[PDB]
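*Asks:* show me how the following folds:
(3 chains, ligands or ions: 1)
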Amino acid sequence: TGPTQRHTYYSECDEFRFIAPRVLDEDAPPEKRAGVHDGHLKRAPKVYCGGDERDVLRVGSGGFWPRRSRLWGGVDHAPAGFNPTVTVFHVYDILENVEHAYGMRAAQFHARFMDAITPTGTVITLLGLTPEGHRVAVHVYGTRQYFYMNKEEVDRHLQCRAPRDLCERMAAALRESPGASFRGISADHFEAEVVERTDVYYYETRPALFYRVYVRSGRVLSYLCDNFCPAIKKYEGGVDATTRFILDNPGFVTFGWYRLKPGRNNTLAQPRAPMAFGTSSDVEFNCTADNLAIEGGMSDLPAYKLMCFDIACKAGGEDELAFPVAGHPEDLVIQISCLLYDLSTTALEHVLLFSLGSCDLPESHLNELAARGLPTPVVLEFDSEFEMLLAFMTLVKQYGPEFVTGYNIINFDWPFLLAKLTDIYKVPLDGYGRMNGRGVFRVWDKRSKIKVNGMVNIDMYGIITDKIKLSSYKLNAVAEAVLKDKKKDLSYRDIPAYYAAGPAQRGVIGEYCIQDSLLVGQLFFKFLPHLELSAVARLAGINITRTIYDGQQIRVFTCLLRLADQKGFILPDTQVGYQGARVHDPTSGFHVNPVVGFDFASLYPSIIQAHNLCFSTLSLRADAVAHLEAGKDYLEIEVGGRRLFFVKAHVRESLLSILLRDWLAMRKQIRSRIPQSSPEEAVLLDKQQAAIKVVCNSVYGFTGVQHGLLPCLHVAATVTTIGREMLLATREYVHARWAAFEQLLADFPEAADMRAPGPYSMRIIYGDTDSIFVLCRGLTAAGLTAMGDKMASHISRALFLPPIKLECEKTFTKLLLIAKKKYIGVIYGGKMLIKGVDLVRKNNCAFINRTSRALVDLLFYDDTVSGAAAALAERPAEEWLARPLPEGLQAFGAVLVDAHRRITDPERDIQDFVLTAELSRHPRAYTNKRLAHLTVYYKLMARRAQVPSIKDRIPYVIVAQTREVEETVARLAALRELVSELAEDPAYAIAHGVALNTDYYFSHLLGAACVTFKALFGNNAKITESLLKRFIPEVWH
DNA sequence: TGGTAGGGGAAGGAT
DNA sequence: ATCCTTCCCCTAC
Ligand SMILES: COc1cc(NC(=O)Cc2ccc(Br)cc2)ccc1C[C@H]1COC(=O)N1
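*Replies:* Residues are numbered from 1 along each chain as shown, chains lettered A, B, ... in the order given. Sharing the structure here:
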C-alpha cells in the first residue's frame, strides 16, 4: 500500500546544487582553476570507489559501505521469510512521541493500541538490539502523563465541584487557545480522579485532596501547566511520559535487558508490518507495558555500533588561507574520516574516508595500519560536496550507529555539516535519525548540546575536560598526555596547498583525519564513557541522552520523585544564597614537627542522614512542633538569623536520608563483590559504584539550587551550619582533652613508644569545611597514623551521631601553611601534596611552573634549606630587612638566575612560555572587556583565524613594546572609537617572529616565589619581595 | 539550571 | 603614588 509514516530521508534525487573546487580540474588551465564551481545540475548523485561507480541512494547488490537497514523508501530489503521470533532485547535509548488513530487506521494495529491512541496517544518507543544482532524497536502504548492540583483550591477558584466539571473547564480553556491548536477537544478526553496526597514542603503540612488529571499529549499538558489556572499550584506537571513509564512500572530501567511476556488478558505483543515501521530497524513491535519484564541473568552489552568521525574543510573565497565558514557556499567540506567499531567487542570493523576529489592514502600510513591488525581503509570519491554529504548521511541512516563519538564535534563538526545540509543545500534532517521522520536532529550553542533521536552522541572533548587536568586540550596534546602516543598536528593554514598538489598530497590529509579518529577511538575505549553514563542513567531512571546533556538536578529529582510518590507526597512545580563553610584562620609558616590530618567521610550526606534533614521534616514555625518535646523529638537550630525546626527521625523519616542510606548500602554491596568477580564484570561494577557516589554527592547541591527544581535553601544552610559547628566542636575537644600527655597516654597506651624529645603540645593548626590539621610537637611521627585512627574513632564515638565518621587519612612530615585554602606539604610516605598554589593552576606557563616546583622541591627534599627555614623561624623575621639570610638559602639564587637564562636565550620552546585562560561567557557580556584572552579573541577574529568555541581555553603570550606594537595599539584604538594589551596568539607571534616581554615573565617568577614563600616571613608580602631581591642581581630590579 | 568559600592578579577610580 | 574596589580565574571542600 505504501508507508504509513512518510520517510523523509532522501532515497531519490535527480537534481542538486553542485559545488566543487576548480583546483581539482586538470584539463583546465592552471590559471582558470583558482575559483570554485557553484551551480545547479540535473544528474543522479553518484559515488566512485575502486574504479567502479554506483548511485549514492542506490541500495542493494553492490555496496561500498556496510548497511544495517531493512526498509529503504518502501522497499523491503529483507530475505522473504524473515520472521525472527524476539524474546529478549537490550534497550539503550527511549523515544517519546505522539500517535493519532486517524493516522494509523491504515496500519493493521490491534484494537488495544487504537483505543490507546484514540484522539491522540503518547507512545513510548524502546530502541535497541536482540542477542542475534537485529535492530529492534518496541512501541509501548498506554503511558499517560498526569499532574495534580489542590481540590479545595480548584473547586472554589473555578466555581466547580466535581471532576467532570474540571474536565469541562480544561477542555474549554484549551479550545479558546491562541492558535486553536486543539480544536474540538472535549471533556471526555481527560480523566480526573480525586486522591489524597501531601505537599512535600514542611512538617506542618498535612494531607489534602487533589485532583489528579491524566493527559495523553505532552503538548496539551504543557499548555495547561503554562497558562491554564496560573493562580493554582500544580504538582508533578513537568514529569514527562518516559519518566512515568519507568517509575509507575516498578523495576523497569532506562538502559538494560527487557523481555516480552504475556500480558493482562493473556495479551501478547504484536509485530508491526514493515510498511507501518517508524524506525530504521529490522523488526518492530506493539505492546502494552504489562507485556514487558526485566531479564536478570543478562549483563553484557549487545552488538551496538559506534561511529567515530572527524572532518576537515577548506576555504574558497578570495583568501583561501583564511578559516572556512559553513555559511559561505565557497568554503566546502573537503574530507570526512569515519570509522565504525563494535561496542561489545571494542573492535574496529570498518574504516571509510569521504573525500572531494579522489586520492590515495600514503604508504607509510597504510603499512602502519595493516601491520597494527586494523582493517583496510576504503576511500569514497566524490565530485561535489552535496554527493559526499548525502552519502555520509545515507551511511548514518543505513548503518544506524547507535553511538557516535569524535572530538569537539559539538562545536565544529556537526554544526558545520548540518549548516551545510540545511542553510545551503536545503535538506530535511527529521528522518536521518532512527525515526523515518519527524525526529530530532538539533544542535544547541549553560552548555552546548547535540540531541539526535536514537543516536547517542558522546563528545570525547567534554569527557577529557572533566576527567583530565591540562592547560590546553588540543587533540595531539591530549594524546601525548594520556596514551603517550604523539601524532602529527595540523592547521588550516596548510590545508589548501596540500589539496592542490593532487591525490597524494590530499591522501596526506586523509591520513591526518584517520589518525585523529583512531586517537579519539583509543581515548573512548580507554575511558569507556558509554558504560559510565549508561550506569548513571540506569541508576537515576533517566534516558542516556538526558543523562549526558540535560544536567544533574534531573537525576536527584527523578529518584526523589520516585520515593516521595511511593511515600504519599507529590512534588510541587516551581518552574549567593546561604552561608557556606568557614575556613579555620591558619597561623602560617613552615612546620617540621609531625602534622596529622583528620577528615570526615562524606560530611554533608552524613549530616543529612544523622539529623533527618528533608523537605518534609523541616518547619519554620514553632506552633508546628509545639506539641512534641524539644531535643528528643525535634532539633532546634538557628540558621541565617532564623529559627529552624527539624523533626527527628522517629516522627517523620526524611526522604533525603532514605535516598542516601539506600544508595550507600547499595554501593557497599556492589563493592564487596569486586574481588570475587572477573575483571570484565569488575569494570561494570566500578562504573556502577562511581555513579552511586556521583548522585550521593549530588543530593546537598540539588537542595541548594535557588530557583531550580524543588529547591530548599533551608536544608543546605542547615547542612553547612551543622558542619561548621561539628568542626568547631572537634577542635575544642582535641584542645581540651589532650593538652596533657598524661591524657594521651591514658586513653592510648601507645604514646609511650612515641614521646619525642621536645615538649608535648597538640593544637589544631588548619581546617577547611571537613578537615582538621593538628600539630604534634613532642610526639614522634612513628605510628601517628595508626594512633590517630584510634583517635578519630574515639572522637566519632564520643561526639557525633551515626553515620557521621571521622577518619585519619594522612600524616605530614613537613607542611607549608601558605594562606587560606592554599598549602603544600610532604606526606610521611614521601609523596608530595600541592593545593591552591599556581603550581596546580593550569593557567600559568610551564616554565614558571617547573621553576617554582624545583624551588619547593628543594625546600622539602634538601636538609640544608630546611634547616634554613628553621633558622628563619628562630627569629621573628621582622628584623631581617637589615639582617642576612642564612647560608642554606644560597641554592635559591642559582635556580632563579638560571631562569633568566631560559628567558632571553633563544632556542627555547615558546610553548614552554604560553599562558592559558578559559573563555567563560559570550564576550559581549563582560564587565572589564580588557582581558588577555579577550584581546587575543578579538585579534583572532579580525585575522579570520579559528574563532574559539564559546567555552574552551585560549592560549596567549606577552609581547614586548615596539614601534609597531604601539602604532597598531593607537590605530586599533582610533578604529574602535603599557597595560597588558601585549597579548598575542602563539601561532601568529611565532611566524611573525615577535619577541616576548622578557621583563614580565621574570617579574612574575619573582611574584610567584613571593606568594609561595611569604609564609616563612610572618606572611608579609612587601618584606618577602625585598629580601627576595637579595637573590637577583640589582641590574634586574 | 552545579554550592560556598577563598586568594591573588589585572584594571580603574578615589584618596 | 598609595591604597582600595571590583571583576575573573580556577581552585578546595
Ligand atoms: C567536593 O566538595 C563538595 C562539592 C560539592 N558540589 C556540589 O554541590 C556541586 C553540585 C552537584 C550537583 C548538583 Br544537582 C548541584 C551542585 C558540594 C559540597 C562539597 C563539600 C564537601 C564536604 O563534605 C561533603 O559532603 N562535601
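*Asks:* correct me if wrong: residue A:644 contacts residue A:625.
*Replies:* No: using CB atoms under 8 Å as the test, residue A:644 is too far from residue A:625 to be in contact (10.3 Å). Quick note: C-beta positions are derived from backbone N, CA and C, even for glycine.
*Asks:* quick check: neighbours shared by those two?
*Replies:* Counting by CB atoms under 8 Å, 6 or more residues apart in numbering, the contacts common to residue A:644 and residue A:625 are residue A:619.
*Asks:* what's the host helix or strand of residue A:795 packed up against?
*Replies:* Here residue A:795, judged by DSSP states H and E, is contained in helix A:784-799. Helix A:784-799 sits against strand A:595-600, helix A:713-737, strand A:806-819, with contacts defined as 3 or more CB pairs under 8 Å, 6 or more residues apart in numbering; DSSP states H and E.
*Asks:* change it to 6 Å
*Replies:* strand A:595-600, strand A:806-819 (3 or more CB pairs under 6 Å, 6 or more residues apart in numbering; DSSP states H and E).
*Asks:* now do the buried residues in it.
*Replies:* Using 16 or more other CB atoms under 10 Å as the test for burial, helix A:784-799 gives A:784-785, A:787-788, A:791-792, A:794-796.
*Asks:* equivalent analysis for stretch A:175-187, please.
*Replies:* A:182, A:185, A:187.
*Asks:* and the gap between the second one and residue A:20?
*Replies:* For residue A:185, the distance to residue A:20 under the criterion CB to CB, to the nearest Å works out to 52 Å.
*Asks:* and residue A:419, what does it touch?
*Replies:* Contacts of residue A:419 were listed using CB atoms under 6 Å, 6 or more residues apart in numbering, and they are residue A:326.
*Asks:* SS state for it?
*Replies:* Per DSSP: H, G, I helix; E, B strand; the rest coil, the local secondary structure of residue A:419 is helix.
*Asks:* hey, where'd the strands end up in the stretch 201-350 of chain A?
*Replies:* Assigned by DSSP state E, counting those that start in this stretch, the stretch 201-350 of chain A shows strands spanning A:208-215, A:234-235, A:256-260, A:270-271, A:283-288, A:292-294, A:305-314, A:332-342, A:347-356.
*Asks:* re the thing from before, pick out whichever of the buried residues of stretch A:175-187 sits closest to residue A:540.
*Replies:* Residue A:540 lies nearest to residue A:182 out of the buried residues of stretch A:175-187, by CB to CB, at 32.7 Å.
*Asks:* pretty sure that closest one sits in a strand.
*Replies:* No: Residue A:182 is assigned coil when assessed by three-state DSSP, not a strand.
*Asks:* hang on, it packs against residue A:173?
*Replies:* No: applying CB atoms under 6 Å as the test, residue A:182 and residue A:173 come out as separate, 9.9 Å apart.
*Asks:* list the residues that contact residue A:77.
*Replies:* Residue A:77 sits next to residue A:70 when contact means CB under 6 Å, 6+ apart.
*Asks:* how near is it to the ligand?
*Replies:* 47 Å (CB to the nearest ligand atom, to the nearest Å).
*Asks:* now the helices and strands packed on helix A:784-799 as CSV including distance to residue A:342 and mean neighbour count?
*Replies:* Shown next, in CSV, are those (distance: least, CB to CB, whole Å; neighbours: other CB atoms under 10 Å):
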stretch, distance to residue A:342, mean neighbour count
strand A:595-600, 44, 23
strand A:806-819, 43, 20
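*Asks:* put together a markdown table for these, with distance to residue A:947 on each row.
*Replies:* Below are the helices and strands packed on helix A:784-799 laid out as a markdown table (distance: least, CB to CB, whole Å):
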| stretch | distance to residue A:947 |
| --- | --- |
| strand A:595-600 | 44 |
| strand A:806-819 | 38 |
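*Asks:* one step back: closest one to residue A:861 among the strands of the stretch 201-350 of chain A?
*Replies:* strand A:305-314 (44.1 Å).
*Asks:* contact residues of chain A facing DNA strand C?
*Replies:* A:469, A:581, A:599, A:768-771, A:821, A:834-836, A:840-843, A:916-921, A:926-928, A:931, A:933, A:953 (CB under 7 Å from any atom of the strand).
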